[PDB]
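Report on one structure; see the data block that follows.
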Amino acid sequence: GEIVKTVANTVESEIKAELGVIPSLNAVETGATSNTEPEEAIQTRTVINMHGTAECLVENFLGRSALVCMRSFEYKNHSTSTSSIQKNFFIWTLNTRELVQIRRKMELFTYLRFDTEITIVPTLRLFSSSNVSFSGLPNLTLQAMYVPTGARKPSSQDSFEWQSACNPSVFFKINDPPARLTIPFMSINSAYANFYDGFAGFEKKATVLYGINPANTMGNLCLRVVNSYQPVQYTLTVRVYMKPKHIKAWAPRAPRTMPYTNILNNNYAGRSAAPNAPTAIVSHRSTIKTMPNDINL
Amino acid sequence: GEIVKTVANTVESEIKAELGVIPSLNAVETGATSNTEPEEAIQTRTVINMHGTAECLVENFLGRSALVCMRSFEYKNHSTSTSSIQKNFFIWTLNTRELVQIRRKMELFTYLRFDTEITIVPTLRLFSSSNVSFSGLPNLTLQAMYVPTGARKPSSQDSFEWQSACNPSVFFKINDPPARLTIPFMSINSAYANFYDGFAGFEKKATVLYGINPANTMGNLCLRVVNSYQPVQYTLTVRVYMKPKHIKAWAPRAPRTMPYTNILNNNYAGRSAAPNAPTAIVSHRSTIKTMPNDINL
Amino acid sequence: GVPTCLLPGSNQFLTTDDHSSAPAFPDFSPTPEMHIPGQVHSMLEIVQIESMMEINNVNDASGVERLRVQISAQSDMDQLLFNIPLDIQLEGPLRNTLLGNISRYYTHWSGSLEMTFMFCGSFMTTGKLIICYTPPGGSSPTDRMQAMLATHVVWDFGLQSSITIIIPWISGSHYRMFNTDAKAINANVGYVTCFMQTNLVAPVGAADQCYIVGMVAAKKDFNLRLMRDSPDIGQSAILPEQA
Amino acid sequence: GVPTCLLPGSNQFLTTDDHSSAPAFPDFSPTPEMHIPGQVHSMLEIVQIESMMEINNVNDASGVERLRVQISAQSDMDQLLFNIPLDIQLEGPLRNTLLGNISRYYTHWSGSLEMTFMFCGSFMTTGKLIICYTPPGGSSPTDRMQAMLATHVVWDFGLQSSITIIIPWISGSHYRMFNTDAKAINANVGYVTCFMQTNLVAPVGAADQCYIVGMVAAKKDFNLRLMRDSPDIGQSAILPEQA
Amino acid sequence: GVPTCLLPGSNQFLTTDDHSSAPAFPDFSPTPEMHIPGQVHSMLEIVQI
Amino acid sequence: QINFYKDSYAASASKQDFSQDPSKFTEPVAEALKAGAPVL
Amino acid sequence: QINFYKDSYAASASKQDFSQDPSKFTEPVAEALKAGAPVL
Amino acid sequence: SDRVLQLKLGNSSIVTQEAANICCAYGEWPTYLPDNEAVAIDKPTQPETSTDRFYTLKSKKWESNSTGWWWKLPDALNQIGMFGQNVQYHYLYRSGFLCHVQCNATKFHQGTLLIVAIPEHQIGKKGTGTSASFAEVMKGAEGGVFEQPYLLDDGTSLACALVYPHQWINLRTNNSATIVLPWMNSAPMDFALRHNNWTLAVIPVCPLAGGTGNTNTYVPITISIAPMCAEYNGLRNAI
Amino acid sequence: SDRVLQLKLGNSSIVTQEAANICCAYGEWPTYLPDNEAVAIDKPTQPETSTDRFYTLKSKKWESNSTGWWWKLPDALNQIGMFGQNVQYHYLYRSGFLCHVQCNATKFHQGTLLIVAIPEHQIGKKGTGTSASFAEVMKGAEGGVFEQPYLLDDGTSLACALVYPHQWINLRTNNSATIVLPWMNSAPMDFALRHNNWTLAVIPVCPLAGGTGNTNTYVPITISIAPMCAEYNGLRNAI
Ligand SMILES: Cc1cc(CCCCCCCOc2ccc(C3=NCCO3)cc2)on1
Ligand SMILES: Cc1cc(CCCCCCCOc2ccc(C3=NCCO3)cc2)on1
């Protein structure tokens, strides 16, 4: 382990014709990457590089705010002849696999440990009814409460699990800056696992799904409109952005090539034709001797 | 009294066969909790724990903002042929027993001393009339004034007890951040008492209710809409959240098991069936030898 | 003025924030502190106290019968007496305990536990029991043949009327979850079984049928995290001043 | 109060900001770190690992045939074997590589690359190849007459079954773009060609037709800038818990 | 600019707050104090009469 | 504790105090019971 | 790192660490392969 | 140190033979009120021998279906001797209490009593919204009877009643219990006729039983309470 | 140092002649769990010679159309010898694995095998939303067969499979491969019957072939796995 502020420099070289020295020849069967340096592989000069490597760090690779949730729900009167349930709220079943870009950057590494900064951005619209008139959006109050594993799940807008006596909750308005807070590293293990080659339960039944981690029970995020229902119908879209910090990564993975189909597992259906086809990840070319982008003069 | 930054460590042990030494045997008739250490009760290894205990402190157990009040009232024209009273306000009769979660966490200890941070979150709605049109919520001004014991209680929105020449009052808008302030420890005694086994008056009549503390006369909270009535009817819901700070707790209680029925006393009706039934706090199982969650292979 | 930019998270009300606030009563003089016995500094001090548990939680026992357990003079040998699940989150004997009630405010727990069983027979009643904690992974032991292989303590009645068994922290992960799925790996703790070792022997003058009282507590290495609203108590409306 | 003016950029949510935020769980105690092998500190450590590439990316090869290249005993001399474009941004052999996949998250790249070719014939099979990197500016070389003039390495099969050619950083600008126009000056890197040097000779008992496996990686002087959402993976709707 | 977040209790008017305020009359010169008999410093001095 | 205001009770959450005396609830006996010995 | 809040995990992005050990992925061999020599 | 014990206060002296130990509530011993914590300015009266002595209350029979009994302090002693007289002639009071519970049974008998001192014990009645009346709460030395010992008549659990200072009388090894209680109030003193600090509750966890010759054995339970460090302020006429 | 190698663990000793080198996963050697990282408090059992030894699994024939094979650890050894017995009698386990792959062919044969140790390898099935069943995943020492070695049965790429520790068996210069794997878990220990840390996958990159007299040569591939630094905690009955 050595400190690399800038990439390696290049030193000047001369003619090299020596017996028993073969830098260009390598034995990749040993599993070791070829160590042939450019300096004595070819005829080089002296080059000094000031190019920084800070942006290539995992700190900057992952510590960048990415969308992980987007729920849209109706804010209206949901009462009926006998309903008594407002249902102006949503639950998320906390996870980080619904958005493919952030999911792929999670799964570039086997193990990740980080404290995450969470930003909530709400947006409002009016539903287009037969007779609707818009001249402004109300400044509604929204409560986002984290419900940990095994705690009560609110069943309605008017439910009394929204007291948040112990459950952390954040109150914010539409016109206020988007809500922001920080979740510490909250895994029962020493790191989050993007893959779990096993089962989360002791059972041998088909109910226990393969690949479920008995450490990914992150809990739930219950978001509600604090204001009661309005005379006219609205729609609220909440976007939750996740930003890792204080990141350590372990055992880099093979990058995902096929589109994700669900969040429970890493199954894939493949695309109809290349690229990223079942039998064809890279698109076809004419032959191995044709150049697809030939510069012809 | 010793400082406990992290939980106790474990030391390695060997075979123990000595006469006259019986760590596993205890005399709980003395009222003392069994002191049998895991190290010499079983065969243990050396384990060093870095697990912090800060979140298990009473400071963090109680110093967490919890809902203690929620009043909803109509903001409209309440005048009639001869009323002359606007009545666009509410009184609370200050207490901390209307919400069961915060009440239970209060009553986990006999005595509590703390300075409380109070947050007021208002929300507006339009009443759904026969002909109502909504395109925005007004930015109303609200005055929340604490009226101590024996002081005047305002009788209307236009009443003149809202001068607040000595009574502390806070003015805040709907669109502004929720109001926040701090009440110091204001008991005539050295601590708040969650239970009072006695009567608050010298009388022997039935009017003096048992369990009323002659130190819980906290006063009143009078909240008003400063703006006069609008041409159309609104509804205001005010939520008051209470957060203890600088907390000392004395004489821990037995946790409450039955649902509360009122705020004047700790009477209970019990739930129809187990769990938390009058005769059955914990739900039934088949027999004492059956396992309700058996893992069958 | 000072250059300033409002970051995201401004104008928000977080119920877990830690900030100073404007004092409503300026220059107020609080009552001086008076020494009161029994001051509590941590929640971990109360989970270490003994607390009886409802082993007899069957639909035949009403009230105090549920805190006490049948013990019989046996006409057979090697018979199982009673079982104890260790699912604090779910409905079991360990929920209505100081340890259970306090830890159910939290989501993650760690550390070894202890169980004390007190014999409440007659002075002339003798007996031998074996109490076994079995780590999870399989089914509950039904015969002493399989129960002896796990952690166990042999209790002989005498001058000391109570025995203590330590349930050690045997877990791959640092912490365990109070998950509604008690059957999962992160939530399952293990099994507790009681087997008669030799027999329960009482003379003719003494009552033949005796009782065990079970109690559970935590040790010095117990830890809790992610405190939550407990499902112990509920509410459907604001509590009035009436019935 | 303190004089204050809100500058432009207040009340904005920038996804690349670096500011402290309110902790949602006060005084939370995280799990202590445990040593795990294979800790990664920089993305540049993974682009330096070998990674096979799809040289045989034609509409006749299905799966693993695309990671391996036909090599023939020739009835002629000086014949071209295969070509390798160096357009990481566009659809080519170098995209599905560790170097390619990681660098496609970035927009600008710099530094020399390396290619290792491993011969997978029989021990009695002998042969000589020449691998030439040609700097951009003209057409791809078709004859060894023009290919020998650019950078090249002569590979002779033997005990060492793999050869390494360094593609040096020959660019006027400090960095190069992963531009969709691979034909532009800022994006074009050059050409890679393989020519038989003498022949591929195998005995009668040995298989006449052998294979080369090609691999590409970066050197110590490799740099990346302006990281971007990769076009590798797409999404049309929120991923459900179903098919 | 300086990183800043508006806490709850911002934009509120508390009648018992203790903060400095903008002077409406800049560089105003008040009348010098003159000794007046019977100065009161505490309310507790009058309950003792 | 930062306490931007004049009154001390207006400060934030008090500085952490980890002093623990479980004995007052776990061994509230006048005669101390020594570990590893018959406690009668 | 400025960390205006009490908890340390509430701080901003961690201070830059440029330590690089590519060998663990590039030369994970018990016997070190010397450069410029037949590696067999 | 042994299972024997002698408690000698004033003219009273209780000797016990099958005891366990002395339980001091929260690890404290009752003491006189110091100056820094005093509120009343007139001198309190401190009659040591006349009040700090054992008062024996009227016994209860332990039945097979007994639910339990409770005595509220200082209500149990408010009508007895110099302690009661000083309570009647004075407004403010302060004293700790040493409680000793007697229960004698043969070695062939089985049964277990939990003797728990609950501080500030608010009785909550069940199936009604009305608070408990003065007659039901203030019972004097004659004591009270538990409706629901399973719930401690509070809505709480008897299982979790071990936070409070407590003793077990197990007939195998005990016949007497001793608990020492210091002052329990948020105030230095209080009014005795309207408030009780402590509630001593004896709950039979395991029923009394005998085999074939010891059934229906009349076994009484006796309560002896000794005030300690009693101070009284505010002398006036009796009420 | 040379192409020869001897691995002697316990009673087992493997000598290889046409080897390349020893690949240590991420440049680490398996070690026993230290105190500062331990979680379980009872002593773990450490049977050195009885468990830390080479177990030889059942061989597979290398065909011209072979797609590849995979063995999940410690599932492959969960049914074998003292390692399997200690896994069955214990809840928690921890061990590294030394994997040795044998493949013998003549100098006239050609072919290349990639032996890759993938950590935490979640198998993703193709053309279905249903997760893989217990039967398909937990295969024991009998092993598994790759549907899509091109995708590693993960949706990933075989081309990018060189991040994982790996060996090449090239018939020109190799007949044996050796990879050493330390503990791979976010936790110090785990449950063996429900989770696998490592997956050893042998994928034929270049098909086995011969010229005019060496076609259809029956060439087996053998797997020998040696646990190292095995600890077990939580003694109980077998399951
Ligand atoms: C792999 C892997 C990685 C992880 C980390 C998941 C944590 C980040 C998910 C997004 C967090 O979502 C939250 C949103 C809001 C709140 C919040 N708490 C108090 C009020 O709202 C908490 C979490 O889990 N598995
Ligand atoms: C037990 C026990 C504990 C207590 C403490 C109760 C105090 C906290 C109750 C909530 C405070 O409610 C207030 C709300 C607003 C204001 C305020 N004062 C100036 C303007 O509004 C004051 C109190 O009382 N009994």
Side-chain angles (χ1 to χ4, degrees), chain A residues 7-8 24-28 33-34 36 38 41-42 49 51 53 55-58 61 64-65 98 100-101 104 109 111 117 119 168 177-178 180-185 187 190 248-252 255-256 259-264 275 279 281-285 287-289 291 293-296, chain D residues 11 13 15-16 21-25 28 30-31 33-34 36 38-40 42-44 46 49-50 54 56-59 62-63 80 82-83 85 87 91 95-96 101 112 114 116 118 139-140 153 160 162-164 166 168 182-183 217 219-221 223-225 229 233 235 238-241 243:
Chain A
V7 299
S24 289
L25 280 168
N26 300 113
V28 296
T33 294
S34 158
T36 303
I42 62 169
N49 279 6
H51 295 168
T53 62
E55 186 170 341
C56 294
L57 295 169
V58 182
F61 185 77
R64 186 182 295 276
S65 194
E98 288 161 358
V100 301
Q101 282 285 37
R104 190 160 181 296
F109 306 93
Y111 293 123
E117 182 188 84
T119 307
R180 186 178 271 197
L181 58 85
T182 297
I183 299 328
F185 175 69
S187 190
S190 287
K248 308 184 197 349
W250 295 276
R256 172 84 174 190
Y260 296 106
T261 73
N262 68 93
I263 61 165
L264 289 185
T279 57
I281 292 164
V282 185
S283 73
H284 309 311
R285 55 167 167 166
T287 67
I288 62 171
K289 293 187 316 207
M291 182 66 75
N293 282 342
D294 198 49
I295 296 214
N296 37 359
Chain D
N11 300 75
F13 170 44
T15 58
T16 59
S21 297
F25 306 150
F28 183 87
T31 314
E33 69 275 16
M34 180 195 62
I36 305 162
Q39 184 178 2
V40 183
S42 191
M43 294 310 328
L44 287 189
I46 318 169
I49 313 165
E50 297 292 321
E54 284 185 34
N56 198 27
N57 56 342
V58 303
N59 172 38
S62 178
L80 167 73
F82 58 87
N83 282 17
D87 308 287
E91 295 291 326
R95 171 253 294 187
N96 189 335
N101 271 338
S112 44
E114 62 105 16
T116 298
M118 182 177 68
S139 173
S140 190
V153 54
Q160 310 300 67
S162 88
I163 198 80
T164 293
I166 297 289
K183 271 181 202 181
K219 300 297 294 177
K220 293 203 181 341
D221 53 344
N223 198 309
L224 298 161
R225 304 194 310 176
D229 274 294
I233 191 166
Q235 189 170 9
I238 299 291
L239 291 168
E241 299 187 323

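Only heavy atoms go into these numbers, but all of them, side chains included; no hydrogens, no water, no symmetry mates. Throughout, a chain's letter reflects where its sequence line sits, starting with A, and its residues are numbered from 1.
For chain D, the nearby parts of A:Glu98 are the backbone and the side chain; heavy atoms of each come within less than 4.5 Å. With a 4.5 Å cut-off on non-hydrogen atoms, A:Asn49 touches chain D through its side chain but not through its backbone. Contacts of D:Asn56 with chain A are made by both backbone and side-chain atoms, with heavy-atom separations under 4.5 Å. For A:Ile42, the part lying near chain D is the side chain, with the backbone staying farther off; criterion is any non-hydrogen pair under 4.5 Å. D:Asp87 touches chain A through its side chain: at least one heavy atom from C-beta onward sits under 4.5 Å away, while N, CA, C and O do not. Both the backbone and the side chain of A:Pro38 come within contact range of chain D, with heavy atoms under 4.5 Å apart. For A:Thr261, the part lying near chain D is the backbone, with the side chain staying farther off; criterion is any non-hydrogen pair under 4.5 Å. D:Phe82 touches chain A through backbone and side chain together, each having a heavy atom under 4.5 Å away. Both the backbone and the side chain of A:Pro275 have a heavy atom closer than 4.5 Å to some heavy atom of chain D. Only the side chain of D:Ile46 comes within contact range of chain A, judged by heavy atoms closer than 4.5 Å. For a residue to count as touching a neighbouring chain, one of its non-hydrogen atoms must lie under 4.5 Å from one of that chain's; by this rule A:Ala41 touches chain D with the side chain only. Of the atoms belonging to D:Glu33, heavy atoms from both backbone and side chain fall under 4.5 Å from chain A. Only the side chain of D:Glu54 has a heavy atom closer than 4.5 Å to any heavy atom of chain A.
When D:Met118, D:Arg95, D:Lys183 are compared by the number of non-hydrogen pairs under 4.5 Å with chain A, D:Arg95 comes out ahead.
With sequence neighbours excluded, the residues forming a side-chain hydrogen bond (donor to acceptor under 3.5 Å, both in side chains) with D:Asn83 are D:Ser140, listed by chain and number. Take A:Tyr111 and apply the ring-ring contact (aromatic ring centres under 6.0 Å, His included) test, not counting sequence neighbours, and it matches no residue.
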